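J.: Okay, here's the structure, questions in a sec.
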Amino acid sequence: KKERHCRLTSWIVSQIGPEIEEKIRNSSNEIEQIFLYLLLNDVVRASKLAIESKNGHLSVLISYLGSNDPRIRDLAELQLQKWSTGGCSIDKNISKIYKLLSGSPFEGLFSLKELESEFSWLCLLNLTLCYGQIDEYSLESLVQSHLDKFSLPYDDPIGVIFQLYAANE
Amino acid sequence: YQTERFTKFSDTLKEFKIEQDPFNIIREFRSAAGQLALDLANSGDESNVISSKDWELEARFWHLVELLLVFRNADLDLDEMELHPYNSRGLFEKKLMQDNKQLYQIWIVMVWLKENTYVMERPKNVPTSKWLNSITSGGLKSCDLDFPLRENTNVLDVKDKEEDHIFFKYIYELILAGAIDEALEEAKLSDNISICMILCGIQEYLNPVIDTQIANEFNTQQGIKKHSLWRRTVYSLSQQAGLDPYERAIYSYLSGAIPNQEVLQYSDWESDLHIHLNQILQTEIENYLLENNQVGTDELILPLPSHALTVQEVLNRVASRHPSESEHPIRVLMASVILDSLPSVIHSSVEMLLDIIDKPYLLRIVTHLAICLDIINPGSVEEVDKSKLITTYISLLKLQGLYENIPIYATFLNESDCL
Amino acid sequence: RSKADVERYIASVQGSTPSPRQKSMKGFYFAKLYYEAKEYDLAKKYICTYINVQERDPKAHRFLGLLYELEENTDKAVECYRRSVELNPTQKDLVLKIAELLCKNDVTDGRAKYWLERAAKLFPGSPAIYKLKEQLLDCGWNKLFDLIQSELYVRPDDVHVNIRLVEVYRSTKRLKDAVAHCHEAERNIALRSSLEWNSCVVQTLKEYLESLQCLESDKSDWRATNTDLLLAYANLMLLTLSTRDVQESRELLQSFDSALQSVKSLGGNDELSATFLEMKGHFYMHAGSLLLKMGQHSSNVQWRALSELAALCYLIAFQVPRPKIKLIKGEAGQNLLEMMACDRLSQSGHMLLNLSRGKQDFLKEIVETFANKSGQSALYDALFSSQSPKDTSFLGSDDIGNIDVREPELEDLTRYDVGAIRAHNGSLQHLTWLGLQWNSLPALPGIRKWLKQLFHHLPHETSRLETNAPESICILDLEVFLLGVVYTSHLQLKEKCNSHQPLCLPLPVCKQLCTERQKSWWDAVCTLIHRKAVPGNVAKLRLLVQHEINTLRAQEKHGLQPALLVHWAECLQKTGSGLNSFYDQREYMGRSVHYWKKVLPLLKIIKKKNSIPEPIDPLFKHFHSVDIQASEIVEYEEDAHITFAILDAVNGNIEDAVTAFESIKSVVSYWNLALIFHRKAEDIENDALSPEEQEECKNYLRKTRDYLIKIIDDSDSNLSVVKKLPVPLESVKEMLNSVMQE
Amino acid sequence: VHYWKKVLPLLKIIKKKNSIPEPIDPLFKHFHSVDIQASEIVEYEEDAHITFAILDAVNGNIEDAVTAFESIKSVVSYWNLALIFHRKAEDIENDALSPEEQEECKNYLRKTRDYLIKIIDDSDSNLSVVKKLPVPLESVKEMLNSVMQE
């Protein structure tokens, strides 16, 4: 399961690669770049840029992405509720990153679902597959979880294959 | 009454020679000294606070002795661990600590060091929530720890910094004491979730499913796979200024590094020694992992030092950094035990009877230690040295007028004939 | 295996792991089998290739060094050991080897000296260390002498070194000095026990007798040296009989008998004459022991006839009177001579008894039939070959006159044993033998007195009983130890003969009766106490003792079968209950209660027919031969409750002690009830005090009288009760006489 | 008792100086300001054992409640011991019944009096004990007046 997961996610990163690299080319904000590096499933360069842009704590936090530590998951979500109940202002991309640490980035109450309009469906699916709750789910039911949140274009065949894969039963 | 003391120690020896395992002797010696440490400490002339600390020290010595000799001597050799390359770093760390006794000893010693570390009382009136003052003043555009790092620290209210100081200092003391669970509890409960999360990176990765040989201790994967990264990430964070000195201190300790001057200046022999053994240890593990290709090149973000000190050298340096403390006669024994050069020092302080007579605990301690040693390891201390030591201590049992309990000490020579 | 088996395995792993690195990493395990198939030019290249990939393995490097050792390539073999040693410092034996090889090949370089210094500190004063010191010097006569002397200063008990001193003296043909040191060294108790030393002593003396220097010098000290030869013969005979085979022992007898015949002619009334007396006895005793050795292996008809013959020998020995001790020049000499006398009477004594218990007045027949001069020829016949001249043999010329034919008295035997504990340097062999010899007798040995004769001023019980540090060793610990050693030994031998008398074996003939573990402990605590340990080995000896203390005191993980604990408990109660002083009574009763308190939990589980958790590598072997049964449980609980009461009485809880004693109508409880009722009366009996109280005081003395009478009434009626008496019957009557006259 | 039964497992892990698993977005913010320390553990275990005994008494397991209450010499355990000893006396105190039983009944009322007096004796001496009273001091004295007039 781990092997298969790693190959799938390396491949998705192969596909979304240029899209995101373009987006990083045009960003004017460092924390957003850090997020985009997480979009390429590159935890280390996110951590590094964080470090460099003087965002050190975040940097540490980032290092958890891809270990599925449920403690960290519920803590990140907690921080998010506390902000989303008062929290006079939190940077738009730090909240996104915390939402990634929460393990349920659309399935949620600070939801990245609106990124539906800014990214390839495959890009977001990468987010579910990499963070998302890898251990608790089978590859199939995980992918299915994601698909349940987003309609794919009828005509797109790589979409179709994911649907047939997730459809299992 | 307190001029009972010798009885207690003598008493323990009685019980041992009479139920005809010897590690209990020392355990009791420890408790005995500790009990006495309490007596002189409670209500006392301020001439007693000194000899009270010399008893607490006494006690710690017996403890260290127990720990190390138990591990070294109760060594009955178990089964070797057979890893594969597919195995997690967690297992390799474990293997390292199993196979390398030299290094596990360092662990034992650090454990002892932590055991005896002071921690402040839990801060009272802690606030409802984090950086509340800055939020209330307006001006936190982001509520994340890294915000005032992204742009001038002028963002954070003074009182908030003052509280962050209280927190990070408390967490630091807890970390040096081994209280990692309490540190995580404090982080959680004091609305420092992100710092908590940082403290979670301490564990190497294990997966009970893959790393079969620990499918007992664990039911769920845990720990973090890209640890060499984590470690550079933390260390770099530790070097970034505009953080509270205790926070930086924490990250230093976690990265296997040596905390900043502002914090380190207040560390004593024990604290400092601890810091540097931690460094030895960290470095040695990461090297063990590199020699087995269980580190991935991507993670070598930054240079950390690769050359581990020897316990010998750490001791020498920490010594020269704390000469007064270093030279204290039971702490010399502490080091002597740590390096195993112990009969070495026995025979030594023996020849110092031929400014050891000036301090009372010493002549006693060395004698009872020598006894314990030859009990646990027959042959340990030279026959002569036992003779000389007991001879002199006995003559003090006489000077104290406790002839009553001299036969017990006699049970180690035919020289006893002459009493 | 063969050449095919090992070279065919080449294709076995070659087809499993073909890459060069794994092919070379199997070289050590390839070389593992060529060393077994006698291929050393091949095995060398196999291991050498594994060393090309695994250059940090101390095992592989040593294996090549051991292989270069078979090749006798010193320069190559040494270097290999060096690498294994520098990789792993714990390889002590390799530090010796390097030092051993460096001194044998060439000493010109100081490197050989350096490695010898390290080898010394790793093995403090081991026998090999001096050997290497002499080797290094070899590469001049005065030079060697100084080494031995400087070596003898700190190591006077080393057998080999003292031997070399005699050899160096003998090389310069100054034999007078050789015997002089030989004589002054026969006072050493350790050397006297060394087989090889005594052999050297016999030669260096004979050489001096025939030496031209002995005659020229004078004929005054001639007698003095002659005494030592006989003494040496006795010691050498004791040792040769035990270790050496049938042939060698018999041969030594002829030299002994020749010496006796050559000595008797001079006579006189001085040390030599007195020595001849005691040594004469030893001769027969050992000759009897020698006789019994042959018969053991032989048939039954020869056994009885030989044992008959041996019984006469031991008898002859026992009869020989205590030598005239006052007649010796010095205190050391006379004490030695007496020590041997006690040994003779003790060893021969027990043998005489064990052989006489076989039949009724068996001893009388032995004398009445073989005391005849015909027996003297039957003895010479069985022992020697008749071809030797029967004129100059002492055995054939001795005047066997009026054999006492009186079996020995136990009381005399005890004082013989106690006086001879130091005969064989208190080897656990010696004591375990005696303890077993008394195991069949109705009177028990004074073990506590044995230990006092060995470890003087060793306290009965150590104040600091809390720890097991061996500075707190106590005569109780030792007493508790020997009890188990003998209780263990007896059961082991009982099991042996069952598969195949055990009492009948003489001391030299029998093999080790204790486990090497037990023997190691006794030798350790002995060397420690007597202050003949080694500064380097002090810590090791000390720990070796410490390991067993927790068992002698029934502490955490004691390897003690419940039966052995009970045996310890009662054996200490009755041992203590007969003591006069309170200090000793308290101690022995305390320990007895202690062991009792440890057993009763076990007995309760055993009382309901459950299983005891068996031990892990116990110190005292378990046996189902003596496993406790429910039939005996209630008795122990009762016998223990007595031991509790006794200690309660000694501590002051008289009310509870009497309440308990009275509950059980036992003979022992009477002696306790009586002894404590008498004390309450005697103190209050004569001082001015309330008359009413005086009547109550007398009333107790009346109870004392009654309980002593109940003891004697029940005692005279039944024999089993006589054995249960906590003190002797005559002692009970002794008190009663005084009780009533009061 | 319920909440107690949920804490004690945590306190035992905390008693050996280990780490508590921190929560996920908790409803009641955690704080290290009031994190439990080993210095206070044995007290809670004791104070909890009282709460257990109290419920045992209310349910009917008087034997185990008294056995527990008596084990710890606490002011609160007196008021409980007293309150339950008084009830065993009052019901049996006046009906026609075996005289021997009546003597045993009175004996309990004698114990009630003693425990209430121990409360007031220790109460008047020290203020810290006054705050530990499970009910007001004047209420304890109120019962005693009626207890002795009985």
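Residue numbers (PDB author numbering), protein chains in the order written: chain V1, 262 to 430; chain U1, 7 to 26, 34 to 367, 378 to 442; chain c2, 3 to 141, 146 to 506, 511 to 752; chain c1, 603 to 752.
Note that the Cβ used here is the ideal one computed from N, Cα and C, for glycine as well.
1. Near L657 (chain c1), what residues of its chain come up, given a Cβ to Cβ distance below 7 Å and the 5 sequence neighbours on each side ignored?
2. Quick one: is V609 (chain c2) near chain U1, going by C-beta distance under 7 Å?
3. Buried or exposed for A190 (chain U1), please, with buried defined as at least 16 other CB atoms from any protein chain shown within 10 angstroms of its CB.
4. Using a cut-off of 7 Å between C-beta atoms, extract the partners of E338 (chain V1) located in chain c1.
5. Unbroken alpha helix (DSSP H) runs of length 4 or more, entirely within the region 267-336 of chain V1: which are they?
6. Going along chain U1 in order, which residues have a C-beta closer than 9 Å to the C-beta of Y325 (chain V1)?
7. So with Cβ pairs under 7 Å, would you call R135 (chain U1) a contact of chain c1?
8. Does the contact criterion of 3 or more C-beta pairs under 8 Å hold for the region 366-381 of chain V1 versus the region 408-419 of chain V1?
9. According to the neighbour-count rule (16 or more other Cβ atoms, all chains shown, within 10 Å of its Cβ), is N287 (chain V1) buried or exposed?
10. May I ask whether a heavy atom of the ligand ATP can be found less than 6 Å away from the beta carbon of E647 (chain c1)?
11. At the 7 Å Cβ level, is residue 30 (chain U1) part of the contact set with chain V1, yes or no?
12. Determine the chain c1 residues that contact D335 (chain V1) at a beta-carbon separation under 8 Å, and present them in chain order.
13. Can you find the residues in the same chain that come closer than 8 Å, C-beta to C-beta, to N474 (chain c2), ignoring five residues on each side of it along the sequence?
14. Comparing alpha-carbon positions, which option in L447 (chain c2), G17 (chain c2) and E74 (chain c2) lies nearest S362 (chain c2)?
15. Does the CB of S207 (chain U1) have a neighbour CB from chain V1 at under 7 Å?
16. Would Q26 (chain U1) and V486 (chain c2) qualify as a contact pair, given that the criterion is a beta-carbon distance under 7 Å?
17. Quick one: what does DSSP say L153 (chain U1) is sitting in, helix, strand or coil?
18. Specify the secondary structure class of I616 (chain c2) as computed by DSSP and reduced to three states.
19. Between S439 (chain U1) and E364 (chain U1), what straight-line distance do the alpha-carbon atoms span, to the nearest angstrom?
20. Report the rounded CA-to-CA distance for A62 (chain c2) versus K28 (chain c2), giving the unit in angstroms.
21. Any beta carbon of chain c1 sitting closer than 7 Å to that of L197 (chain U1)?
22. Using the C-alpha atoms, what's the distance from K734 (chain c2) back to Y717 (chain c2)?
23. Which residue or residues does DSSP assign as beta-bridge partners of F22 (chain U1)?
24. Below 9 Å on C-beta distance, what does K315 (chain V1) contact in chain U1?
25. Measure from the alpha carbon of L464 (chain c2) to the alpha carbon of each residue in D483 (chain c2), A265 (chain c2) and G452 (chain c2), then state which is nearest.
26. List the residues of chain c2 whose Cβ lies closer than 9 Å to the Cβ of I431 (chain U1), in chain order.
27. Rounded to whole angstroms, what's the CA-CA distance from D349 (chain c2) to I195 (chain c2)? Just pull it up for me.
28. Pick from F390 (chain c2), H568 (chain c2), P129 (chain c2) and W444 (chain c2): whose alpha carbon is nearest that of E415 (chain c2)?
29. Taking 8 Å as the cut-off, does the region 485-504 of chain c2 touch the region 577-597 of chain c2 (at least 3 CB pairs, one atom from each stretch)?
30. Would you tell me roughly how many angstroms separate the C-alpha atoms of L89 (chain c2) and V55 (chain c2), rounded to the nearest one?
31. Step through the CB atoms of chain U1 and report whether any lies within less than 7 Å of the CB of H318 (chain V1).
32. Ordered along the chain, which non-local residues of its own chain (more than five positions away) have a Cβ less than 7 Å from that of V732 (chain c2)?
33. Could you tell me if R180 (chain c2) is buried or exposed, where buried requires 16 or more neighbouring beta carbons within 10 angstroms of its beta carbon?
34. Taking C-alpha atoms, which residue in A650 (chain c2), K619 (chain c2) and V80 (chain c2) lies nearest to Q639 (chain c2)?
35. Could you give the first and the last residue of the continuous alpha helix (DSSP H) run that contains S205 (chain c2)?
36. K137 (chain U1) and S641 (chain c1): beta carbons closer than 7 Å?
T.: Taking the definition as stated:
1. Locating residue 657 (chain c1) in the fourth sequence gives position 55, counting from the first residue. Same-chain partners within the cutoff: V603.
2. As a position in the third sequence, residue 609 (chain c2) is number 599, starting the count at 1. Not an interface residue.
3. Against the second sequence, residue 190 (chain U1) aligns to sequence position 177. The residue in question, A190 (chain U1), is buried, as its Cβ has 16 or more Cβ neighbours within 10 Å.
4. For the purposes of this step, residue 338 (chain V1) is identified with residue 77 of the first sequence, where counting begins at 1. Here the neighbours are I626 and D627.
5. 291-300, 304-313 and 317-323
6. For the purposes of this step, residue 325 (chain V1) is taken as residue 64 along the first sequence, with counting starting at 1. Those are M210, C213, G214, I237 and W243, listed as they occur along chain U1.
7. In the second sequence, residue 135 (chain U1) corresponds to position 122, counting from 1. With 7 Å as the cut-off, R135 (chain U1) counts as an interface residue toward chain c1.
8. yes
9. In the first sequence, counting from the first residue as 1, residue 287 (chain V1) sits at position 26. Exposed, since its Cβ has fewer than 16 Cβ neighbours within 10 Å.
10. This structure simply doesn't include the ligand ATP, nor any ligand for that matter.
11. This structure gives no coordinates for residue 30 (chain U1). The numbering of chain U1 moves from 26 immediately to 34.
12. On the first sequence, position 74 is the one that residue 335 (chain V1) refers to. Result: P625, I626 and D627.
13. To locate residue 474 (chain c2), count along the third sequence from 1; it is residue 468. Only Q556, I559, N560, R563 and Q565 meet the Cβ criterion.
14. The count along the third sequence starts at 1 and reaches residue 362 (chain c2) at position 356. Nearest option by C-alpha distance: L447 (chain c2).
15. Position 194 of the second sequence holds residue 207 (chain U1). Judged by the 7 Å Cβ criterion, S207 (chain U1) is in contact with chain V1.
16. Position 20 of the second sequence, counting from 1, holds the residue named residue 26 (chain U1). Position 480 of the third sequence, counting from 1, holds the residue named residue 486 (chain c2). Result yes, Cβ atoms of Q26 (chain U1) and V486 (chain c2) sit closer than 7 Å.
17. Indexing the second sequence from 1 puts residue 153 (chain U1) at position 140. Three-state result, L153 (chain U1): coil.
18. Numbered from 1 along the third sequence, position 606 holds the residue referred to as residue 616 (chain c2). In this structure, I616 (chain c2) counts as helix in the three-state DSSP scheme.
19. Residue numbering aside, residue 439 (chain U1) sits at position 416 when the second sequence is read from its first letter. Residue numbering aside, residue 364 (chain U1) sits at position 351 when the second sequence is read from its first letter. Going by the C-alpha atoms only, they are around 22 Å apart.
20. The residue labelled residue 62 (chain c2) in the question sits at position 60 within the third sequence. The residue labelled residue 28 (chain c2) in the question sits at position 26 within the third sequence. Whole-angstrom Cα-Cα distance: 11 Å.
21. The residue labelled residue 197 (chain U1) in the question sits at position 184 within the second sequence. Yes, contact with chain c1.
22. As a first step, residue 717 (chain c2) is located in the third sequence; it is residue number 707 there, counting from the start. As a first step, residue 734 (chain c2) is located in the third sequence; it is residue number 724 there, counting from the start. Straight-line Cα distance between these residues: approximately 15 Å.
23. In the second sequence, the residue the question calls residue 22 (chain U1) occupies position 16. DSSP, once it has assigned bridges, lists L471 (chain c2) as partnering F22 (chain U1).
24. Looking up residue 315 (chain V1) in the first sequence gives position 54. Within chain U1, the residues near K315 (chain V1) are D159, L162, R163, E164, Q253 and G255.
25. Translated into the one-based positions of the third sequence, residue 464 (chain c2) becomes position 458. When each option's Cα is compared against that of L464 (chain c2), the closest is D483 (chain c2).
26. Counting from 1 along the second sequence, the entry for residue 431 (chain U1) is found at position 408. Those within 9 Å of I431 (chain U1) in chain c2 are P465, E467, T468, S469, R470, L471, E477, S478 and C480.
27. What you label residue 349 (chain c2) is simply residue 343 of the third sequence in a count that begins at 1. What you label residue 195 (chain c2) is simply residue 189 of the third sequence in a count that begins at 1. So the alpha carbons of these two residues sit roughly 14 Å apart.
28. Counting from one through the third sequence, the residue named residue 415 (chain c2) turns up at place 409. Looking at the Cα atoms, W444 (chain c2) is the closest of the given residues.
29. yes
30. Within the third sequence, the letter at position 87 stands for residue 89 (chain c2). Within the third sequence, the letter at position 53 stands for residue 55 (chain c2). In a straight line, the C-alpha of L89 (chain c2) is about 16 Å away from that of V55 (chain c2).
31. Here residue 318 (chain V1) is taken as the residue at index 57 of the first sequence, counted from 1. Closer than 7 Å: yes.
32. Walking along the third sequence from the start, residue 732 (chain c2) turns up at place 722. Only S725 and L739 meet the Cβ criterion.
33. Counting from one through the third sequence, the residue named residue 180 (chain c2) turns up at place 174. So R180 (chain c2) counts as exposed.
34. For the purposes of this step, residue 639 (chain c2) is taken as the residue at position 629 of the third sequence. Closest option to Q639 (chain c2), Cα to Cα, is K619 (chain c2).
35. Taking the first residue of the third sequence as position 1, residue 205 (chain c2) is located at position 199. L201 to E216 is the span of the alpha helix (DSSP H), which, as asked, contains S205 (chain c2).
36. The residue you call residue 137 (chain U1) lines up with position 124 of the second sequence. The residue you call residue 641 (chain c1) lines up with position 39 of the fourth sequence. Their beta carbons are not under 7 Å apart, which means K137 (chain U1) does not touch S641 (chain c1) by this criterion.
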